[PDB]
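Colleague: from the sequence below, what's the structure:
(one chain, ligands or ions: 1)
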Amino acid sequence: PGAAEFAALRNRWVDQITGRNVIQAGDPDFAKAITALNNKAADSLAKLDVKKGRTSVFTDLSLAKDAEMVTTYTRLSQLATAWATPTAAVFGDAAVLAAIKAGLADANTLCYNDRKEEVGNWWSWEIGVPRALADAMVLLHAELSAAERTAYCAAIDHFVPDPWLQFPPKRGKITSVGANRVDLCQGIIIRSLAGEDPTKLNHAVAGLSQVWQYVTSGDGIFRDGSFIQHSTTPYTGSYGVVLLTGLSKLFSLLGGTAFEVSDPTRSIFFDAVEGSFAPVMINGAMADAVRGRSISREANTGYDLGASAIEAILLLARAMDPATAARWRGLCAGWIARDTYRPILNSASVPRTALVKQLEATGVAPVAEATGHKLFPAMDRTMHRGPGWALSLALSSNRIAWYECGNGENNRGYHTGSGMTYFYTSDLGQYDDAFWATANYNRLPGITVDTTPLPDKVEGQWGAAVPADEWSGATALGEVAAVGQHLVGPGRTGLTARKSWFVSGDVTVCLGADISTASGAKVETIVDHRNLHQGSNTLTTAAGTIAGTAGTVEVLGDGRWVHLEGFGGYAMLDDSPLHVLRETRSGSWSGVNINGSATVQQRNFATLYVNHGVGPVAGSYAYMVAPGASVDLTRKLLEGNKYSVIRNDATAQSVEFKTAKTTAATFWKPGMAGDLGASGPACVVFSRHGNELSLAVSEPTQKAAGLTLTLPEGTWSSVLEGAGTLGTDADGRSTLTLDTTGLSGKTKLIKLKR
Ligand code: NA
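Modeller: Numbers count the residues shown, from 1 in each chain. Sharing the structure here:
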């Protein structure tokens, strides 16, 4: 491929990043996209350093600060984008063009050139600048000289001689992986279009192949659909999105050319659309539990990341077989249609607007989020859905860090892996509406927590430490899931707790046992900590109402249930006191992220908790949550033994769902929970239908070669579906012995016949 092929690729890239070929005349959403483009460009131009012999390009960005160097470059690429977008205010404006060129030239002279050593964050030099500089070169190809291309290409190549690797020489260079590999390859591919370098282009394309190979450890995509970046942090929703976005753009760019991505194993990445991304998308938002430190970002939210994912999936759907294209389109149309809270078109780019308009013109109908369970054992995450709700559980374990903090972001997030229960609902802004600026980071919903104050960045940055726990894991059979977490508290308090969740199609049963700590502080378990926005939502009880006054904690009478207006129901499954607090909290994004705004946000919360006291000995809890339940349904939860606690202690935790005729259990030690037993750690869900026993089982440590169940509901003589060896114990009970070697926490389904 020569000059014409390179020109066509450059033109395609500019088409893609400007939407110049797809603007619909007189369309109001296109006009809005152009207005947003114009306002950003105007803002940057207003900040241009005009001074003779200038030492920065923008008056508010120092080239001596690597993040501000990146922003210098991304403003220049944005201005170049505007300059290249028909009907933009600065479209074809030669004065603006000259300013962009002089900015690229001076930033090169002053800072970013082939003689400069990296200072500060590697990512700035190797990903932030190259992608933006490469885009600017391509956008400005007709306008830059050969000498300018040589200079800029030389600078990029100096920092990124090989996009399969990362870090400056003084550090020792390592293999780039996941999102980082995609981003490095993007920068080199675009730079290779500007410089017409097929050798660099081919190598960078070949570099994409590693990112979608299945892994069983480290970073990447796991066969269960989990995605990890930074070794220990569930990351589908932020780094996984970066991967998704970059591959969408690169695949589209190269498709049909001499440089097309042709590796057939890319099927694994396509499989990840539904296997990895879709289950953690909730009405247009990526679940907070899979977006790591980005929760602390006021302007990189679950909806920002979900919108990027939707853009990427739409772009990839264009190349798919008809059935897959239509399925992906339907998924996106649903995530778009259900999201009235941050509509995707508000502040959308021209490209994003075009893809959304193209989707609408297909007439592909919106696909509903399926009810039921999606388990991700490799990343200690589970998702559960029923009509009107999605529960996301956030665990941690000897595989998965309590949290990621880094670069001044999420330093206070140390309890976010302590068994959080995120109940997403039609309150689309629950976790988005300054939740992370105002919430009590020591009382996050669902957690058990030692009230000892912890310092910012406790346990270290970048997920370097993980809890030395027994196990965290899950299984599910049909409409019921069993999830367990041995919580080890961060900050060496010695907090220990056994937390389990038993999740049906409607209600979540939450059991806790064996709770103690070494710190001498009180331990709490948080039934909920729920953003009311500016509302005064009523907490109804058997007797009347509770916590009507902000700031005065009250203890629930003895009816055992509370209903929160606009949410649903909570009910206690033991006789423990339920403390109920209506509170107003304040905070700024700057308190949770070094880049956050100083603006103070003020939010109302309902805070429901159990207090285990000081020095608990085998403390425990038992309660349920019924999202979307009416006051009348709430009042009835505890009637008729619908949610039958079987056992809740240091050996096992188990509940039977009466209506569903299904029983769920977690096992910590060998023993029995009712008529079900296990020989070691296990998650089990079972249900008898006449003369047939259905079971789901996981071995949640991920390290045991075998597991033996002692079977419920009488004797069982043959295996109908699945694998396993039937036996008989000393007491005459049927046993099922499973080979669990290498199962990585995955579920085995078994059906037995009487
Ligand atoms: Na890590």
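Colleague: show residues contacting whichever strand or helix holds residue 132.
Modeller: Secondary structure assignment for residue 132, by DSSP states H and E: helix 129-139. Under the contact criterion C-beta atoms under 8 Å, 6 or more residues apart in numbering, helix 129-139 has outside partners 10, 13-14, 17-18, 69-70, 73-74, 76-77, 80-81, 83-84, 100, 104, 112, 144, 149, 152-153, 155-156, 159-160, 183-184, 186-188, 190-191, 193-194. Every residue, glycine included, has its C-beta placed from N, CA and C.
Colleague: near the ion, list only the ones from those residues.
Modeller: Here nothing survives when those are matched to the ion using C-beta under 5 Å from the ion.
Colleague: list the buried residues in stretch 600-618.
Modeller: 601, 603, 604, 605, 606, 607, 608, 609, 610, 611, 612, 616 (16 or more other C-beta atoms under 10 Å).
Colleague: show me the contacts for residue 478.
Modeller: Residues in contact with residue 478 (C-beta under 8 Å, 6+ apart) are 372, 662, 685, 687, 694.
Colleague: the last one belongs to a strand, doesn't it?
Modeller: What it means is residue 694. Yes. With DSSP: H, G, I helix; E, B strand; the rest coil as the criterion, residue 694 is part of a strand.
Colleague: and it, bridged to which residues?
Modeller: residue 687, residue 751 (DSSP bridges).
Colleague: list the contacts for the closest residue to the ion within the stretch 551-700 of the chain?
Modeller: Per C-beta to the ion, residue 593 is where the stretch 551-700 of the chain lies closest to the ion, at 18.5 Å. Contacts for residue 593 (C-beta under 8 Å, 6+ apart) come out as 296, 297, 298, 408, 409, 410.
Colleague: and of the residues you listed, the nearest to the ion?
Modeller: Closest to the ion, out of all of the contacts of residue 593 and judged by C-beta to the ion, is residue 410, at 12.5 Å.
Colleague: I'd say the closest one and residue 296 touch.
Modeller: Yes. Contact criterion C-beta atoms under 8 Å: residue 410 and residue 296 qualify, at 4.2 Å.
Colleague: stretch 229-243: end-to-end distance?
Modeller: Its start and end residues considered, stretch 229-243 measures 11 Å (C-alpha to C-alpha, to the nearest Å).
Colleague: go on, stretch 394-414?
Modeller: 12 Å.
Colleague: buried residues of it, list them for me.
Modeller: Buried residues in stretch 394-414, counted by 16+ other C-beta under 10 Å: 394-406, 408-414.
Colleague: helix, strand, or coil at the residue in the chain that the ion sits nearest to?
Modeller: Closest to the ion within the chain is residue 463: 2.8 Å, counting by C-beta to the ion. Judged by three-state DSSP, the three-state class of residue 463 is coil.
Colleague: how many residues are close by it?
Modeller: 26 (other C-beta atoms under 10 Å).
Colleague: following the helix or strand where residue 571 lies, which helix or strand shows up next?
Modeller: Per DSSP H and E: residue 571 is located in strand 568-572. Where DSSP H and E defines the elements, the next helix or strand beyond strand 568-572 is strand 579-588.
Colleague: check which helices and strands that next one sits against.
Modeller: With contacts taken as 3 or more C-beta pairs under 8 Å, 6 or more residues apart in numbering; DSSP states H and E, strand 579-588 sits against helix 435-438, strand 554-555, strand 600-613.
Colleague: that one pairs with which strands?
Modeller: strand 554-555 (antiparallel), strand 600-613 (antiparallel).
Colleague: got those strands as a markdown table, with distance to the ion columns?
Modeller: Below are the strands paired with strand 579-588 laid out as a markdown table (distance: least, C-beta to the ion, whole Å):
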| stretch | distance to the ion |
| --- | --- |
| strand 554-555 | 41 |
| strand 600-613 | 29 |
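Colleague: quick one: which of the ones you listed is nearest residue 570?
Modeller: Between residue 570 and the strands paired with strand 579-588, the shortest separation by C-beta to C-beta is 6.1 Å, and it involves strand 600-613.
Colleague: how long is stretch 470-480 end to end?
Modeller: Stretch 470-480 has an end-to-end distance of 23 Å (C-alpha to C-alpha).
Colleague: go ahead and measure how far that stretch is from the middle of the chain.
Modeller: The chain centre lies 20 Å from the centre of stretch 470-480; the measure is C-alpha atoms, centre = their mean, to the nearest Å.
Colleague: residue contacts, residue 511?
Modeller: 499, 500, 501, 502, 573, 620, 621, 622, 645, 648, 653, 655.
Colleague: also residue 420?
Modeller: Residue 420 sits next to 289, 392, 393, 394, 444, 445, 446, 447 when contact means C-beta under 8 Å, 6+ apart.
Colleague: ok, now residue 566?
Modeller: Going by C-beta under 8 Å, 6+ apart, residue 566 touches 427, 535, 537.
Colleague: which residue is the nearest non-sequential neighbour of the last one?
Modeller: Computed as C-beta to C-beta, 6 or more residues apart in numbering, the closest residue to residue 537 that is not its neighbour in sequence is residue 565, at 4.0 Å.
Colleague: what does the second one give?
Modeller: Excluding the flanking residues, the one nearest residue 535 by C-beta to C-beta, 6+ apart is residue 604, at 6.1 Å.
Colleague: show me what that neighbour bridges to in the sheet.
Modeller: When bridges are called by DSSP bridges, residue 604 pairs up with residue 533, residue 584.
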